[PDB]
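There is one chain below, alone, in structure tokens, taken in the form deposited in one PDB entry.
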């Protein structure tokens, strides 16, 4: 599939930088014809077949195809796609309140503040999983707030660079995100399904409540070793005044066997979550 090959600067003015990754930069922009504002992601294309600098077109097309499916308040939307010889440029929905990650660093949350975020994340993931879409890169850096200066911030899930459709209950591709948040099946190179995101959600919830990362070791390999061995515990110093029901929620997500792990529908019916 090809995209719009006009010069993006003919239609948009860029401004402040919003995000920056391995082969991509995200820039605030304004569409000339409407005055409406967006976030433009410039993804570097592969220049040769066997290269490792830039993103394969197969991966770019998978990501664009998944993004075009999305219309939900808790998930980022895609407006347009441009390309040239060097880049594919995604015109994405603008979210101006920064990462949940940096929001958390400004402060630990109460359980209520924790669940106001979590409920939105869960609703977003419920939408995604209903479309059989596995995100595979859920973490606080990939959760963006619309406005961080409100009591109950609204969030959107971003970064579908590792996302895959799961038409057969499981996928077996080259998939590997951030060690602190990846499920054991990812660490062990097993077939992956929607269950992996649920594990990530348990890690996120642990972090929201405690301000601590449950599997983090002194190095990437140690973290992965801890993940596979399910080497985590609720430290009394962090959780002594956290409800046992919140611990139950997390404990039912941080399960090694994906088949025994809570599904997104289960997580929504959990007493800690359910009204």
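Positions refer to the first chain, counted from 1. Superpose the two forms; the largest set of C-alphas matching within 1.5 Å is the rigid core.
Below, we refer to the form deposited in another entry, which is not included among the displayed structures.
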In 171, 93, 141, 185, the 2 Å or greater C-alpha shift between the shown form and the other one, rigid core superposed, occurs only at 171
Once the two forms are fit on the core, has residue 258 moved its CA by at least 2 Å between the shown form and the other one? no
After the core is overlaid between the shown form and the other one, has the C-alpha of residue 102 moved by 2 angstroms or more? yes
Cα separation of residue 59 and residue 170 in the other entry versus here, shift of 3 Å or more: closer
Quick one: residue 169 and residue 56 C-alpha atoms, closer or farther in the other entry compared with this form (3 angstroms or more)? closer
